[PDB]
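Trainee: Starting off with a structure, shown below.
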Amino acid sequence: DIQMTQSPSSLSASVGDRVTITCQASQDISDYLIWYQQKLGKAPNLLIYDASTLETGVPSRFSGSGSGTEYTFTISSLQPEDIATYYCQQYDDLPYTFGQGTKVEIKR
């Protein structure tokens, strides 16, 4: 019932470039937003929870800001091993819903 709108659907940048992705929730989700990275053929991995808190082992080039309804995810410097599909998910209320995902690629 909480709808997540994520943007863009895909983007191609260069290694080193900054990447910004956003999620807007149809309602105040009190910081309960999580960002995952899903590489090809693998399950999603948790990078950030509570909207801004990185998980252990996660590079610092990854970060997440936002509050209430608008949330953003930044990759300060794109690395080739960052190619994947990123998704936001609110866990404020069931059913936990995902944004449509943003596929990120390295232009060449």
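Chain lettering (A, B, ...) mirrors the order of the structure tokens, residue numbering begins at 1 for each chain separately, and ligand numbering begins at 1 in order of display.
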Taking the chain letters and numbering used in this document, name the residues of chain A that DSSP puts in strand (DSSP E), as a PDB file with N, CA, C and O atoms, in the first residue's frame.
Mentor:
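Once written, out12.pdb looks like this:
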```pdb
ATOM      1  N   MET A   4       6.395   3.102  -3.934  1.00  0.00           N
ATOM      2  CA  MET A   4       7.730   3.672  -4.064  1.00  0.00           C
ATOM      3  C   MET A   4       7.988   3.979  -5.531  1.00  0.00           C
ATOM      4  O   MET A   4       7.760   3.147  -6.422  1.00  0.00           O
ATOM      5  N   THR A   5       8.399   5.209  -5.780  1.00  0.00           N
ATOM      6  CA  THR A   5       8.696   5.686  -7.112  1.00  0.00           C
ATOM      7  C   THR A   5      10.197   5.971  -7.163  1.00  0.00           C
ATOM      8  O   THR A   5      10.686   6.897  -6.518  1.00  0.00           O
ATOM      9  N   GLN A   6      10.905   5.224  -7.994  1.00  0.00           N
ATOM     10  CA  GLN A   6      12.341   5.369  -8.088  1.00  0.00           C
ATOM     11  C   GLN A   6      12.725   5.916  -9.453  1.00  0.00           C
ATOM     12  O   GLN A   6      12.089   5.597 -10.444  1.00  0.00           O
ATOM     13  N   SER A   7      13.802   6.691  -9.522  1.00  0.00           N
ATOM     14  CA  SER A   7      14.210   7.277 -10.797  1.00  0.00           C
ATOM     15  C   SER A   7      15.725   7.496 -10.837  1.00  0.00           C
ATOM     16  O   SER A   7      16.314   7.812  -9.807  1.00  0.00           O
ATOM     17  N   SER A  10      17.401   3.553 -15.736  1.00  0.00           N
ATOM     18  CA  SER A  10      18.737   3.159 -16.106  1.00  0.00           C
ATOM     19  C   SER A  10      19.556   4.409 -16.390  1.00  0.00           C
ATOM     20  O   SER A  10      19.018   5.485 -16.656  1.00  0.00           O
ATOM     21  N   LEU A  11      20.859   4.300 -16.208  1.00  0.00           N
ATOM     22  CA  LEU A  11      21.748   5.413 -16.513  1.00  0.00           C
ATOM     23  C   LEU A  11      23.113   4.850 -16.854  1.00  0.00           C
ATOM     24  O   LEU A  11      23.446   3.754 -16.424  1.00  0.00           O
ATOM     25  N   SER A  12      23.840   5.531 -17.723  1.00  0.00           N
ATOM     26  CA  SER A  12      25.170   5.085 -18.087  1.00  0.00           C
ATOM     27  C   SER A  12      26.062   6.262 -17.778  1.00  0.00           C
ATOM     28  O   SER A  12      25.720   7.389 -18.119  1.00  0.00           O
ATOM     29  N   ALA A  13      27.144   6.025 -17.044  1.00  0.00           N
ATOM     30  CA  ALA A  13      28.068   7.093 -16.688  1.00  0.00           C
ATOM     31  C   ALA A  13      29.462   6.565 -16.944  1.00  0.00           C
ATOM     32  O   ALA A  13      29.601   5.496 -17.518  1.00  0.00           O
ATOM     33  N   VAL A  19      26.909   9.296  -9.258  1.00  0.00           N
ATOM     34  CA  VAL A  19      25.602   8.778  -9.629  1.00  0.00           C
ATOM     35  C   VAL A  19      24.575   9.109  -8.539  1.00  0.00           C
ATOM     36  O   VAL A  19      24.837   8.927  -7.350  1.00  0.00           O
ATOM     37  N   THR A  20      23.438   9.665  -8.947  1.00  0.00           N
ATOM     38  CA  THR A  20      22.371  10.004  -8.006  1.00  0.00           C
ATOM     39  C   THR A  20      21.089   9.284  -8.433  1.00  0.00           C
ATOM     40  O   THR A  20      20.715   9.297  -9.609  1.00  0.00           O
ATOM     41  N   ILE A  21      20.455   8.614  -7.482  1.00  0.00           N
ATOM     42  CA  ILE A  21      19.245   7.853  -7.742  1.00  0.00           C
ATOM     43  C   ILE A  21      18.265   8.258  -6.659  1.00  0.00           C
ATOM     44  O   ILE A  21      18.675   8.528  -5.532  1.00  0.00           O
ATOM     45  N   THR A  22      16.977   8.333  -6.979  1.00  0.00           N
ATOM     46  CA  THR A  22      16.015   8.739  -5.967  1.00  0.00           C
ATOM     47  C   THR A  22      14.798   7.835  -5.745  1.00  0.00           C
ATOM     48  O   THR A  22      14.372   7.096  -6.622  1.00  0.00           O
ATOM     49  N   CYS A  23      14.258   7.903  -4.545  1.00  0.00           N
ATOM     50  CA  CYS A  23      13.044   7.195  -4.220  1.00  0.00           C
ATOM     51  C   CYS A  23      12.167   8.164  -3.462  1.00  0.00           C
ATOM     52  O   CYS A  23      12.666   8.962  -2.673  1.00  0.00           O
ATOM     53  N   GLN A  24      10.890   8.190  -3.835  1.00  0.00           N
ATOM     54  CA  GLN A  24       9.902   9.025  -3.170  1.00  0.00           C
ATOM     55  C   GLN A  24       8.903   7.992  -2.704  1.00  0.00           C
ATOM     56  O   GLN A  24       8.647   7.038  -3.422  1.00  0.00           O
ATOM     57  N   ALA A  25       8.389   8.141  -1.490  1.00  0.00           N
ATOM     58  CA  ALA A  25       7.410   7.203  -0.961  1.00  0.00           C
ATOM     59  C   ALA A  25       6.061   7.909  -0.950  1.00  0.00           C
ATOM     60  O   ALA A  25       6.008   9.130  -0.739  1.00  0.00           O
ATOM     61  N   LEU A  33      13.987   3.086   5.137  1.00  0.00           N
ATOM     62  CA  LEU A  33      14.251   2.862   3.742  1.00  0.00           C
ATOM     63  C   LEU A  33      15.580   2.125   3.641  1.00  0.00           C
ATOM     64  O   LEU A  33      16.557   2.514   4.293  1.00  0.00           O
ATOM     65  N   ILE A  34      15.616   1.111   2.776  1.00  0.00           N
ATOM     66  CA  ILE A  34      16.794   0.317   2.561  1.00  0.00           C
ATOM     67  C   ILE A  34      17.192   0.325   1.074  1.00  0.00           C
ATOM     68  O   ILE A  34      16.327   0.436   0.188  1.00  0.00           O
ATOM     69  N   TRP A  35      18.507   0.378   0.807  1.00  0.00           N
ATOM     70  CA  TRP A  35      19.024   0.343  -0.568  1.00  0.00           C
ATOM     71  C   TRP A  35      19.804  -0.951  -0.827  1.00  0.00           C
ATOM     72  O   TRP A  35      20.752  -1.243  -0.112  1.00  0.00           O
ATOM     73  N   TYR A  36      19.445  -1.674  -1.883  1.00  0.00           N
ATOM     74  CA  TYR A  36      20.127  -2.930  -2.228  1.00  0.00           C
ATOM     75  C   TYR A  36      20.857  -2.803  -3.549  1.00  0.00           C
ATOM     76  O   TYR A  36      20.537  -1.947  -4.376  1.00  0.00           O
ATOM     77  N   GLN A  37      21.774  -3.736  -3.780  1.00  0.00           N
ATOM     78  CA  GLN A  37      22.520  -3.807  -5.018  1.00  0.00           C
ATOM     79  C   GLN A  37      22.286  -5.234  -5.478  1.00  0.00           C
ATOM     80  O   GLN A  37      22.451  -6.168  -4.698  1.00  0.00           O
ATOM     81  N   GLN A  38      21.795  -5.402  -6.696  1.00  0.00           N
ATOM     82  CA  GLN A  38      21.563  -6.724  -7.226  1.00  0.00           C
ATOM     83  C   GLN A  38      22.304  -6.875  -8.523  1.00  0.00           C
ATOM     84  O   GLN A  38      21.893  -6.325  -9.558  1.00  0.00           O
ATOM     85  N   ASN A  45      21.783  -7.445  -2.352  1.00  0.00           N
ATOM     86  CA  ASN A  45      22.635  -7.348  -1.176  1.00  0.00           C
ATOM     87  C   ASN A  45      22.293  -6.041  -0.511  1.00  0.00           C
ATOM     88  O   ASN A  45      22.105  -5.042  -1.193  1.00  0.00           O
ATOM     89  N   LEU A  46      22.238  -6.024   0.814  1.00  0.00           N
ATOM     90  CA  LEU A  46      21.920  -4.803   1.544  1.00  0.00           C
ATOM     91  C   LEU A  46      23.136  -3.888   1.678  1.00  0.00           C
ATOM     92  O   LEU A  46      24.209  -4.318   2.086  1.00  0.00           O
ATOM     93  N   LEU A  47      22.985  -2.638   1.248  1.00  0.00           N
ATOM     94  CA  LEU A  47      24.071  -1.662   1.340  1.00  0.00           C
ATOM     95  C   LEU A  47      23.809  -0.676   2.475  1.00  0.00           C
ATOM     96  O   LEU A  47      24.719  -0.378   3.270  1.00  0.00           O
ATOM     97  N   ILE A  48      22.554  -0.215   2.564  1.00  0.00           N
ATOM     98  CA  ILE A  48      22.129   0.791   3.537  1.00  0.00           C
ATOM     99  C   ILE A  48      20.747   0.508   4.101  1.00  0.00           C
ATOM    100  O   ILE A  48      19.882   0.016   3.397  1.00  0.00           O
ATOM    101  N   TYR A  49      20.543   0.836   5.368  1.00  0.00           N
ATOM    102  CA  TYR A  49      19.259   0.651   6.031  1.00  0.00           C
ATOM    103  C   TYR A  49      19.018   1.933   6.787  1.00  0.00           C
ATOM    104  O   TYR A  49      19.929   2.763   6.864  1.00  0.00           O
ATOM    105  N   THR A  53      22.225   4.728   7.021  1.00  0.00           N
ATOM    106  CA  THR A  53      23.292   3.927   7.602  1.00  0.00           C
ATOM    107  C   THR A  53      23.897   2.776   6.808  1.00  0.00           C
ATOM    108  O   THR A  53      23.262   1.765   6.557  1.00  0.00           O
ATOM    109  N   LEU A  54      25.155   2.945   6.428  1.00  0.00           N
ATOM    110  CA  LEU A  54      25.861   1.923   5.697  1.00  0.00           C
ATOM    111  C   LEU A  54      25.979   0.667   6.563  1.00  0.00           C
ATOM    112  O   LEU A  54      25.860   0.722   7.791  1.00  0.00           O
ATOM    113  N   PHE A  62      29.480   4.873  -1.315  1.00  0.00           N
ATOM    114  CA  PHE A  62      28.033   4.695  -1.299  1.00  0.00           C
ATOM    115  C   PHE A  62      27.474   5.502  -0.141  1.00  0.00           C
ATOM    116  O   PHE A  62      28.078   5.556   0.937  1.00  0.00           O
ATOM    117  N   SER A  63      26.341   6.163  -0.354  1.00  0.00           N
ATOM    118  CA  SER A  63      25.738   6.934   0.722  1.00  0.00           C
ATOM    119  C   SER A  63      24.273   7.127   0.434  1.00  0.00           C
ATOM    120  O   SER A  63      23.839   6.986  -0.694  1.00  0.00           O
ATOM    121  N   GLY A  64      23.514   7.430   1.467  1.00  0.00           N
ATOM    122  CA  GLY A  64      22.095   7.628   1.280  1.00  0.00           C
ATOM    123  C   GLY A  64      21.608   8.727   2.184  1.00  0.00           C
ATOM    124  O   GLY A  64      21.922   8.747   3.378  1.00  0.00           O
ATOM    125  N   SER A  65      20.894   9.674   1.589  1.00  0.00           N
ATOM    126  CA  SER A  65      20.319  10.790   2.316  1.00  0.00           C
ATOM    127  C   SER A  65      18.795  10.818   2.115  1.00  0.00           C
ATOM    128  O   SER A  65      18.230   9.991   1.383  1.00  0.00           O
ATOM    129  N   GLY A  66      18.135  11.739   2.806  1.00  0.00           N
ATOM    130  CA  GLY A  66      16.697  11.859   2.684  1.00  0.00           C
ATOM    131  C   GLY A  66      15.988  11.792   4.018  1.00  0.00           C
ATOM    132  O   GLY A  66      16.582  11.450   5.056  1.00  0.00           O
ATOM    133  N   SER A  67      14.698  12.102   3.986  1.00  0.00           N
ATOM    134  CA  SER A  67      13.872  12.092   5.183  1.00  0.00           C
ATOM    135  C   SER A  67      12.421  12.086   4.737  1.00  0.00           C
ATOM    136  O   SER A  67      12.100  12.482   3.610  1.00  0.00           O
ATOM    137  N   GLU A  70      11.107  11.816   0.521  1.00  0.00           N
ATOM    138  CA  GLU A  70      12.083  11.886  -0.565  1.00  0.00           C
ATOM    139  C   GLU A  70      13.429  11.373  -0.101  1.00  0.00           C
ATOM    140  O   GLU A  70      13.972  11.873   0.877  1.00  0.00           O
ATOM    141  N   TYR A  71      13.964  10.375  -0.794  1.00  0.00           N
ATOM    142  CA  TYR A  71      15.253   9.798  -0.435  1.00  0.00           C
ATOM    143  C   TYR A  71      16.173   9.659  -1.651  1.00  0.00           C
ATOM    144  O   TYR A  71      15.725   9.359  -2.765  1.00  0.00           O
ATOM    145  N   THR A  72      17.466   9.887  -1.441  1.00  0.00           N
ATOM    146  CA  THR A  72      18.423   9.789  -2.532  1.00  0.00           C
ATOM    147  C   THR A  72      19.596   8.891  -2.165  1.00  0.00           C
ATOM    148  O   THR A  72      20.030   8.854  -1.018  1.00  0.00           O
ATOM    149  N   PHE A  73      20.146   8.251  -3.188  1.00  0.00           N
ATOM    150  CA  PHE A  73      21.259   7.340  -3.060  1.00  0.00           C
ATOM    151  C   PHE A  73      22.372   7.813  -3.997  1.00  0.00           C
ATOM    152  O   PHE A  73      22.170   7.961  -5.223  1.00  0.00           O
ATOM    153  N   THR A  74      23.552   8.029  -3.422  1.00  0.00           N
ATOM    154  CA  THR A  74      24.684   8.502  -4.196  1.00  0.00           C
ATOM    155  C   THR A  74      25.873   7.553  -4.259  1.00  0.00           C
ATOM    156  O   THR A  74      26.226   6.932  -3.254  1.00  0.00           O
ATOM    157  N   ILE A  75      26.449   7.418  -5.451  1.00  0.00           N
ATOM    158  CA  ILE A  75      27.689   6.660  -5.646  1.00  0.00           C
ATOM    159  C   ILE A  75      28.626   7.836  -6.034  1.00  0.00           C
ATOM    160  O   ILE A  75      28.474   8.427  -7.105  1.00  0.00           O
ATOM    161  N   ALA A  84      25.203  -2.828 -11.720  1.00  0.00           N
ATOM    162  CA  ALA A  84      24.195  -3.686 -11.127  1.00  0.00           C
ATOM    163  C   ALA A  84      22.847  -2.987 -11.196  1.00  0.00           C
ATOM    164  O   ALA A  84      22.683  -2.001 -11.918  1.00  0.00           O
ATOM    165  N   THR A  85      21.871  -3.528 -10.480  1.00  0.00           N
ATOM    166  CA  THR A  85      20.572  -2.874 -10.407  1.00  0.00           C
ATOM    167  C   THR A  85      20.346  -2.538  -8.952  1.00  0.00           C
ATOM    168  O   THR A  85      20.483  -3.399  -8.083  1.00  0.00           O
ATOM    169  N   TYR A  86      20.084  -1.264  -8.678  1.00  0.00           N
ATOM    170  CA  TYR A  86      19.858  -0.792  -7.315  1.00  0.00           C
ATOM    171  C   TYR A  86      18.375  -0.589  -7.073  1.00  0.00           C
ATOM    172  O   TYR A  86      17.674  -0.135  -7.961  1.00  0.00           O
ATOM    173  N   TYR A  87      17.922  -0.906  -5.867  1.00  0.00           N
ATOM    174  CA  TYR A  87      16.515  -0.818  -5.508  1.00  0.00           C
ATOM    175  C   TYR A  87      16.362  -0.261  -4.122  1.00  0.00           C
ATOM    176  O   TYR A  87      17.188  -0.557  -3.237  1.00  0.00           O
ATOM    177  N   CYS A  88      15.305   0.515  -3.913  1.00  0.00           N
ATOM    178  CA  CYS A  88      15.012   1.016  -2.580  1.00  0.00           C
ATOM    179  C   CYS A  88      13.821   0.179  -2.120  1.00  0.00           C
ATOM    180  O   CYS A  88      13.098  -0.407  -2.944  1.00  0.00           O
ATOM    181  N   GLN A  89      13.669   0.046  -0.808  1.00  0.00           N
ATOM    182  CA  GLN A  89      12.577  -0.713  -0.236  1.00  0.00           C
ATOM    183  C   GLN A  89      12.225  -0.084   1.098  1.00  0.00           C
ATOM    184  O   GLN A  89      13.112   0.202   1.898  1.00  0.00           O
ATOM    185  N   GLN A  90      10.939   0.136   1.352  1.00  0.00           N
ATOM    186  CA  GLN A  90      10.529   0.708   2.635  1.00  0.00           C
ATOM    187  C   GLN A  90      10.181  -0.490   3.485  1.00  0.00           C
ATOM    188  O   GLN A  90       9.727  -1.487   2.953  1.00  0.00           O
ATOM    189  N   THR A 102      16.983   0.797 -10.520  1.00  0.00           N
ATOM    190  CA  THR A 102      17.771   1.617 -11.432  1.00  0.00           C
ATOM    191  C   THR A 102      18.958   0.774 -11.883  1.00  0.00           C
ATOM    192  O   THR A 102      19.739   0.320 -11.065  1.00  0.00           O
ATOM    193  N   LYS A 103      19.034   0.477 -13.163  1.00  0.00           N
ATOM    194  CA  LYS A 103      20.144  -0.288 -13.695  1.00  0.00           C
ATOM    195  C   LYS A 103      21.280   0.700 -13.994  1.00  0.00           C
ATOM    196  O   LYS A 103      21.052   1.722 -14.658  1.00  0.00           O
ATOM    197  N   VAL A 104      22.466   0.484 -13.426  1.00  0.00           N
ATOM    198  CA  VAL A 104      23.562   1.399 -13.726  1.00  0.00           C
ATOM    199  C   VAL A 104      24.670   0.709 -14.503  1.00  0.00           C
ATOM    200  O   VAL A 104      25.003  -0.456 -14.248  1.00  0.00           O
ATOM    201  N   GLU A 105      25.122   1.388 -15.554  1.00  0.00           N
ATOM    202  CA  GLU A 105      26.148   0.875 -16.450  1.00  0.00           C
ATOM    203  C   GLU A 105      27.315   1.839 -16.607  1.00  0.00           C
ATOM    204  O   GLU A 105      27.198   3.040 -16.333  1.00  0.00           O
ATOM    205  N   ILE A 106      28.454   1.303 -17.032  1.00  0.00           N
ATOM    206  CA  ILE A 106      29.624   2.130 -17.255  1.00  0.00           C
ATOM    207  C   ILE A 106      29.710   2.326 -18.745  1.00  0.00           C
ATOM    208  O   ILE A 106      29.776   1.354 -19.500  1.00  0.00           O
TER     209      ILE A 106
END
```
Trainee: Calculate how many Å separate CA of residue 100 in chain A from CA of residue 15 in chain A, rounding to one decimal.
Mentor: 23.9 Å
